[PDB]
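Following: one structure in structure tokens, then a few remarks.
Backbone-built Cβ (ideal geometry, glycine too); neighbour counts: all protein chains shown. Where a number appears in this text, it was derived from the coordinates with a stated rule and is not lab data.
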Amino acid sequence: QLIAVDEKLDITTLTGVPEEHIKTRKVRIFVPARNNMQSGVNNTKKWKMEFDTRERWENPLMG
Amino acid sequence: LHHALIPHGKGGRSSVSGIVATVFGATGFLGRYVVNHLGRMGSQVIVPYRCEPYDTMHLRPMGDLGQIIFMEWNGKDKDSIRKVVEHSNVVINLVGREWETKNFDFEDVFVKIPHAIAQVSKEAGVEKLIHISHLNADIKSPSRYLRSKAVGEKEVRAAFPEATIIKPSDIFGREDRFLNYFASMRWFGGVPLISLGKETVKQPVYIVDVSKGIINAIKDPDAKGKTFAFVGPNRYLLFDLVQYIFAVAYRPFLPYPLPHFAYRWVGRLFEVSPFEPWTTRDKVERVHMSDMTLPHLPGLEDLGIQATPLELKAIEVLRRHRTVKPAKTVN
Amino acid sequence: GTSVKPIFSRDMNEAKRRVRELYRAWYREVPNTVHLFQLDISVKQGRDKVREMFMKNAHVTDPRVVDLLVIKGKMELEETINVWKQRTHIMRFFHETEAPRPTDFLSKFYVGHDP
Amino acid sequence: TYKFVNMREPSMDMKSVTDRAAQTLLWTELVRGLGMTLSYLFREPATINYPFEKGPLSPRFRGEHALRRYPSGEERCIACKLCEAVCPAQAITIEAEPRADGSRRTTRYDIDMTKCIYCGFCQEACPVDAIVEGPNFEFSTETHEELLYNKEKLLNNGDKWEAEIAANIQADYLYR
Amino acid sequence: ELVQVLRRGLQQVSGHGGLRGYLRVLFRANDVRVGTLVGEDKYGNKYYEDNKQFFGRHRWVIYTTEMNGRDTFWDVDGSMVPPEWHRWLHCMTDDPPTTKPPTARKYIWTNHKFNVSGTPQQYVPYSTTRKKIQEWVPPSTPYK
Amino acid sequence: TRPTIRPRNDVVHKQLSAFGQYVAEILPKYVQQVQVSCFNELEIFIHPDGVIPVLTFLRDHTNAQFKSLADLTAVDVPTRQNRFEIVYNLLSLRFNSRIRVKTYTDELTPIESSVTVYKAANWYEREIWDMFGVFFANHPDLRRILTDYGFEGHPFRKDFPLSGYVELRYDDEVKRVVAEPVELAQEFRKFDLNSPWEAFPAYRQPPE
Amino acid sequence: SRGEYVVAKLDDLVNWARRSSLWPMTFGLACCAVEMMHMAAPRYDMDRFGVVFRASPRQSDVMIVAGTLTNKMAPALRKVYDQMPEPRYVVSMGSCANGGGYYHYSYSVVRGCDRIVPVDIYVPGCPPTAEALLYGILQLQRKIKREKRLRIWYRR
Amino acid sequence: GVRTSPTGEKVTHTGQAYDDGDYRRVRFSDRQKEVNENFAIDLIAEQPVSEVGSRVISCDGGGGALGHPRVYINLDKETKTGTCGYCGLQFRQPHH
Ligand SMILES: CCCCCCCCCCCCCCCCC[C@@H](O)O[C@H](CO[C@H](O)CCCCCCCCCCCCCCC)COP(=O)(O)OCC[N+](C)(C)C
Ligand SMILES: CCCCCCCC/C=C\CCCCCCCC(=O)O[C@H](COC(=O)CCCCCCC/C=C/CCCCCCCC)COP(=O)(O)OCCN
Ligand SMILES: NC(=O)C1=CN([C@@H]2O[C@H](COP(=O)(O)OP(=O)(O)OC[C@H]3O[C@@H](n4cnc5c(N)ncnc54)[C@H](OP(=O)(O)O)[C@@H]3O)[C@@H](O)[C@H]2O)C=CC1
Ligand code: SF4
Ligand code: SF4
Ligand code: SF4
Ligand SMILES: [Zn+2]
């Protein structure tokens, strides 16, 4: 009723993410810094995961 | 390089490729493929049309918002050509007609219009100009089609020394006359080929291959004053080529020899119609003639494209003509 | 330890026989699928595409992941045999409209900032 | 409390059965429906003669967007970006900088008419009533590009419709 | 009775300036009703009302035949109505701009324009911002 | 509590608390927790193995008899070891009451299909599988119900991008609708709206 | 000469015939369709303009896209467009059909029906009012009036 | 205060004009460029400076609830004039 298999979990083949958005991205795990414009600390309680910044260009129409 | 013309993005619909192309004759058979390939990578295409805009509506979904701009023009005016190519850095010439209309003969279509386009582009500072001429274009050709093609090629090379000349060999495709033209005859019962088509060899080329060749020639920097010959992989006799065309279309094929003079007479009779003719005297004569061979001219392979055999796309083109055994090739 | 609940299989052998069973069904279907959708592809290159899709998931070493991928493949087979998909859905496997993305360092350096 | 819609029992006396048979054979209820339709033909139709006649509207009606200005002639917009923040469809794009006289004014104010849901949240979020959703609705277009408004188009719309916009705001500002 | 409806029809024919005007309005607006003239527009539009009609048909406009630059004998559209008469005609108010005019402002358009889509006067979007990144200009004098 | 404040109803709170204790007593094998919200809503936290029993009890017991399934859905919390939580909302017409049953699962662990207990659950579980990737054991026909044919990934998952990975257009060269990687003309604008200076002291967490 | 006069008159006749009877088939995709059906309601009476109510695709003249176009539906709409006789027009109604609208940044929505089929008239609003849709239809009529086919064939 | 670009386009109030080498002007051929003829900076510059005998003056833009939020402007600095942050109107104490 139990396999009891010992191996690290890997769900990459099930999430549907394209291949070049898996092995090429570099995520960052961090606690966001406090905004020095304010003295409140409620935005520095949790952990955040974010991806690396890619190219952002200007639209030829309307810019 | 005029920063607004610096490529950006990932080469998609909303990217920027740094290409501003004016595609004369974009409403034709090869023009739609050229415009689609230009627009699918983020370039801006200026399209000049003499026809009703309803006929140009099929080019709208080919680019992003504002990336395809339609302008009216006519070949007899140099102001329209100036205003259409004024801001472009690439000019592509695709103006052509297989029959001579009352207002435009082959001198108008293949000589005066291309020369005016090249001269205006040179005066406007266009960096790249691409011209299209037939493979079998020669000054001593019996047909005025290829004679005017050769004269126009000379005059364009004179007006635009840095122009790139492309010489396709009887392009075939989905909205191509050549595959479709042979299939269409079945209506007259028998198929008439001069000398039963045993003394004519052809070198058909896929439409997508020609469009990709034009795109790569635009991209390729050293192909400024060069001249390319776009040909297919396999040469065929006319008879077995028509046999294969009829075999794919599942149409019974009967071939009967017709006198060359007799064939000319039929073309002349056909030439009478106000509407576009099924065939013309120049067309019958042109079809019979075997495609030249110019091994000295750089080919399609020099543009990093593998020519696609006709056997892969014959079903695609000829499935609609219905309600396996490829033809033998000569090399 | 690390005891985990089965989905369909207990070890990689049952997963492999399910994968094999699924693969055979796909192989039988391709000639029929190609004909019915009036596809311009050949049966040979269709089955090569099948081989490529199956090899994409060849590094999996977990019976749960393997038989879940088998379940998804069986769902796809279902959509194709019942003609719920259209020509576009089948041709989305080949990417005939996307330009070829180069792999070498110099080409990637020339095109843009993307590694 | 509840009602029964279909809890009637037809009578089984001879007169009721004969009445139902007469209904079946002579098509009485079909004639009743015909009479209803015939009567309904001889009454005046509800059609109005567009475009010479127009449907009724209200001062609250949300139409095409416009940027207004003060009676002195300077634009009311101060680039606070509250309309951009509240926009449920992200249809507003704003860029601003200090003007040559030091005023706080926009350099870019674009609204995508093809992403707009015409909810009016922008005009009610505006502190100074700079942006309003005017009474115009007959602004259909032949291309997608002309439905991408910039600041000049919106200012022109404001100058074009200011009289009616001000009249509607005068009529409705005591409810806001 | 029938004589009275015929009399009202004849009155409608006579009230449009004769048979010529009757045919004109019949072929331009597909209507032959007569109502009190509420106002005249500076572009040539005429505005009529008739409170005896049901709500929606109690106000109407007869368009001008020549607005800013085009022949509008047949090609009329709803964008030709100026904003004040637009407010009156859509029943957004009970007061025509003749009895009480709108507030006059120096920036308000003095010449109303219709919808100019599919016309060389059409609107073309463009970015209104300035260049963000300025490039370095190499010197014009040789270094060696 | 003057007019702007929502009035309370302690009778319903007491009734729901007593009934939660009752259900907890009858099914100690699966029921892990019972809670009643300040707006009188009863939710029961159970083990995944007890989906079929507990639901059946709540449908068939004379005292409860919740014969109608109002909704079945999933919530994704990536920070938890068991990623997805399954929520069952049930309505009892006999006693005019509502109950909620919560369960947990991860990507690979299946959840027993409750189609036998409620006929309504069949579409709901199909949508849960489509949007979250949770497999349901013994479903009559488990397949995608809302997404396009051949769609890769599950949209409702937190990690999945708002605009997806592929977009559709029409190509004239191949004369058909084709799919390419998404390329937005204008990128969606991300807003950082959360403020410092916490709003609700009653929900403050220990500082660990 | 008379050669241009005759083709001009015939072209005017053909344009009047085509624009005086426009037969639409309507994709009632979403909430925009409800205003569509209010333009056929007695108040506005589309039929009084020669615009028939719910024409069949085999003999329709104008395509009205009224609502959101999802990725799952785009091939069907493209096929229906491909199945239309040549003198055909497409009217994009509402913000969802124009540019994706309020689901523009969605994983399952086509960001404008013009990615699939060419569009002749764009009608703004969410949804655009019945009168606004009528204005758009009338505008399409004027656009058809402006076209000229026999003249172009004569000068070509 | 609409000016004209050296190439020939109208310069907008923002100041954006396509450069001579810019291809993007091709969108304006056979068409026009949307430019608003009323420049707000000049129009607010034409307004006379109000004279008030108060040390602090309030402004709401006129119209009551139809203007901007009411603000208070200090007029102690005799070198310059007090300017409204919303409406742009100018105020001054009666010097001499
Ligand atoms: C007997 C032989 C038959 C041979 C085949 C011919 C078939 C019959 C021909 C008769 C058809 C009648 C045509 C009359 C149409 C004119 C209608 C008129 O009202 O149009 C006006 C004028 O518009 C156009 O300019 C009319 C052009 C129509 C053609 C003009 C002359 C064509 C006659 C040539 C016939 C010769 C045939 C030769 C081949 C056999 C404006 O209408 P429109 O703008 O829409 O609606 C605006 C709506 N508003 C008013 C509410 C705002
Ligand atoms: C003393 C010597 C006399 C000799 C004896 C003669 C006595 C005659 C008495 C009987 C005559 C009646 C016969 C008339 C036809 C009756 C047929 C009938 O009743 O069939 C109906 C069906 O009738 C219909 O439904 C037809 C409706 C079709 C729609 C048409 C609308 C009707 C109104 C239109 C006007 C008709 C105009 C008639 C005159 C036309 C002049 C040319 C039964 O169907 P159901 O009620 O569903 O029950 C069947 C399940 N057991
Ligand atoms: N297999 C092939 O077809 C190969 C084609 N040739 C050459 O390739 C070029 C383009 O080929 P293809 O697209 O198939 O030909 P098409 O007939 O399909 O298109 C011709 C284009 O040129 C325009 N055009 C034609 N005449 C005029 C004119 N008098 N004034 C303005 N525009 C005009 C057409 O516009 P409109 O529709 O309004 O008339 C149309 O857009 C041609 O120069 C042809 O000679 C090269 C080898 C063979
Ligand atoms: S009306 Fe609503 S959707 Fe449109 S711009 Fe204003 S806030 Fe945005
Ligand atoms: S809310 Fe009003 S003042 Fe603020 S940016 Fe928007 S339009 Fe300008
Ligand atoms: S455009 Fe607006 S009204 Fe029409 S379907 Fe979309 S959201 Fe609904
Ligand atoms: Zn002020």
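Would you check if B:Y250 is within 30 Å of G:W153 (Cβ to Cβ) and of a type in the set (S, T, Y)?
no
From the list D:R69, D:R99, D:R104, pick out the single residue that is over 23 Å from the mean Cα position of the chain (by Cα) and within 11 Å of ligand 5 (Cβ to nearest atom).
D:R104
Quick one: which of D:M36, D:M113 is more than 24 Å from G:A130 (Cβ to Cβ), away from ligand 5 (no atom under 11 Å from the Cβ) and either buried (at least 22 other Cβ atoms within 10 Å of the Cβ) or aliphatic (A, V, I, L, M) (or both)?
D:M36
Tell me yes or no: at least one residue of segment E:59-80 is polar (S, T, N, Q) and over 19 Å from the mean Cα position of the chain (by Cα).
Within segment E:59-80, none of the residues are polar (S, T, N, Q) and over 19 Å from the mean Cα position of the chain (by Cα).
Of the residues H:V52, H:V56, only one is aliphatic (A, V, I, L, M), away from ligand 4 (no atom under 16 Å from the Cβ) and touching a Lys or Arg at 6+ places or on another chain (Cβ under 8 Å); which?
Among H:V52, H:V56, only H:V52 is aliphatic (A, V, I, L, M), away from ligand 4 (no atom under 16 Å from the Cβ) and touching a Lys or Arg at 6+ places or on another chain (Cβ under 8 Å).
Taking segment A:10-22 on its own, how many of its residues are farther than 24 Å from F:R80 by Cα and either at the interface with another protein chain (Cβ under 7 Å from one of its Cβ atoms) or among the basic types (K, R) (or both)?
So the answer is 1.
Residue-wise test of (1) within 25 Å of E:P83 (Cα to Cα); (2) part of a strand (DSSP E or B); (3) in contact with an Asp or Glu (Cβ under 9 Å, 6 or more places away or on another chain).
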position: D:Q90; (1), (2), (3): no, no, yes
position: D:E97; (1), (2), (3): no, yes, no
position: D:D101; (1), (2), (3): no, no, no
position: D:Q123; (1), (2), (3): yes, no, yes
position: D:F139; (1), (2), (3): yes, no, yes
position: D:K153; (1), (2), (3): yes, no, yes
position: D:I165; (1), (2), (3): yes, no, no
position: D:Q170; (1), (2), (3): yes, no, no
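Based on this model, can you work out whether G:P75 counts as outside any loop (DSSP other than H, G, I, E, B) and either farther than 18 Å from B:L59 by Cα or of a type in the set (A, V, I, L, M, F, W, C) (or both)?
The answer is yes for G:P75.
Within segment G:2-18, does at least one residue satisfy the condition of being surrounded by fewer than 18 Cβ atoms within 10 Å (Cβ to Cβ), part of a loop (DSSP other than H, G, I, E, B) and either more than 16 Å from ligand 5 (Cβ to nearest atom) or among the hydrophobic types (A, V, I, L, M, F, W, C) (or both)? Full working, then the answer.
Going through segment G:2-18, the residues surrounded by fewer than 18 Cβ atoms within 10 Å (Cβ to Cβ) turn out to be G:2-6, G:8-10, G:12-14, G:16-18.
Narrowing the set further to residues that are part of a loop (DSSP other than H, G, I, E, B) leaves none.
Within segment G:2-18, none of the residues are surrounded by fewer than 18 Cβ atoms within 10 Å (Cβ to Cβ), part of a loop (DSSP other than H, G, I, E, B) and either more than 16 Å from ligand 5 (Cβ to nearest atom) or among the hydrophobic types (A, V, I, L, M, F, W, C) (or both).
Here's the yes/no breakdown for (1) at the interface with chain F (Cβ under 8 Å from one of its Cβ atoms); (2) farther than 29 Å from F:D148 by Cβ; (3) over 21 Å from the mean Cα position of the chain (by Cα):
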{"position": "A:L2", "(1), (2), (3)": "no, yes, yes"}
{"position": "A:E7", "(1), (2), (3)": "no, yes, yes"}
{"position": "A:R25", "(1), (2), (3)": "no, no, no"}
{"position": "A:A33", "(1), (2), (3)": "no, yes, no"}
{"position": "A:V41", "(1), (2), (3)": "yes, yes, yes"}
{"position": "A:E55", "(1), (2), (3)": "no, no, no"}
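Among G:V119, G:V65, which is the only one that is within 9 Å of chain D (Cβ to nearest Cβ) and crowded, with 23+ Cβ neighbours inside 10 Å?
Residue meeting the stated conditions: G:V119.
Quick one: D:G120 ticks every box in (1) within 14 Å of chain G (Cβ to nearest Cβ); (2) of a type in the set (G, A, S); (3) surrounded by 22 or more Cβ atoms within 10 Å (Cβ to Cβ) bar one, so which box is it?
(3)
Given (1) over 30 Å from B:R157 (Cα atoms); (2) touching a helix residue (DSSP H, G or I) at 6+ places or on another chain (Cβ under 9 Å); (3) among the hydrophobic types (A, V, I, L, M, F, W, C); (4) not in a loop (DSSP other than H, G, I, E, B), where does B:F253 come up short, assuming only one miss?
Every condition holds for B:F253 apart from (4).
For segment B:17-97, which helices (runs of 4 or more DSSP H) that fit wholly inside it have 2 or more residues that are of a type in the set (V, I, T) and within 22 Å of the chain's Cα centre (by Cα)? Explain how you work it out, then say what you get.
On the way: elements: B:29-39, B:53-56, B:78-84.
Output list reads B:29-39, B:78-84.
What number of residues in segment E:63-92 are part of a loop (DSSP other than H, G, I, E, B) and within 7 Å of another protein chain (Cβ to nearest Cβ)?
First, the residues of segment E:63-92 that are part of a loop (DSSP other than H, G, I, E, B): E:63-65, E:67-70, E:72-77, E:81-82, E:90-92.
This time we only want the ones that are within 7 Å of another protein chain (Cβ to nearest Cβ), so: E:75-77, E:90-92.
Total satisfying the criteria: 6.
Restricting the search to segment E:95-120, which residues are more than 22 Å from G:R146 (Cβ to Cβ) and either touching a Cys at 6+ places or on another chain (Cβ under 6 Å) or among the basic types (K, R) (or both)?
Passing the criteria: E:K100, E:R105, E:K106.
Please report, ordered by residue number, the helices (runs of 4 or more DSSP H) entirely within segment C:41-115 with at least 2 residues that are of a type outside the set (K, R), in contact with a helix residue (DSSP H, G or I) (Cβ under 8 Å, 6 or more places away or on another chain) and surrounded by 14 or more Cβ atoms within 10 Å (Cβ to Cβ).
Working: elements: C:43-56, C:63-81, C:87-91, C:105-111.
By residue number, C:43-56, C:63-81, C:87-91.
Conditions tested, residue by residue: (1) of a type in the set (D, E, K, R); (2) under 24 Å from F:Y118 (Cβ atoms).
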{"site": "F:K14", "(1), (2)": "yes, no"}
{"site": "F:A18", "(1), (2)": "no, no"}
{"site": "F:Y22", "(1), (2)": "no, yes"}
{"site": "F:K29", "(1), (2)": "yes, yes"}
{"site": "F:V34", "(1), (2)": "no, yes"}
{"site": "F:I46", "(1), (2)": "no, yes"}
{"site": "F:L55", "(1), (2)": "no, yes"}
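Right, B:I207: more than 16 Å from ligand 4 (Cβ to nearest atom) and within 14 Å of chain F (Cβ to nearest Cβ) or not?
The answer is yes for B:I207.
Say we look at segment D:52-78 and pick out the residues that are within 16 Å of ligand 4 (Cβ to nearest atom), assigned to a loop (DSSP other than H, G, I, E, B) and of a type outside the set (K, R); which of these is nearest to D:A125 (Cα to Cα)?
Checking each candidate, the answer is D:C77.
With the structure loaded, tell me whether B:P309 is surrounded by fewer than 14 Cβ atoms within 10 Å (Cβ to Cβ) and at negative phi or whether it fails that test.
Numbers: surrounded by fewer than 14 Cβ atoms within 10 Å (Cβ to Cβ): no; at negative phi: yes.
Against the criterion (surrounded by fewer than 14 Cβ atoms within 10 Å (Cβ to Cβ) and at negative phi), B:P309 does not qualify.
Does D:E95 fit the bill of being more than 16 Å from ligand 1 (Cβ to nearest atom), among the charged types (D, E, K, R), within 28 Å of D:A167 (Cβ to Cβ) and within 9 Å of another protein chain (Cβ to nearest Cβ)?
No.
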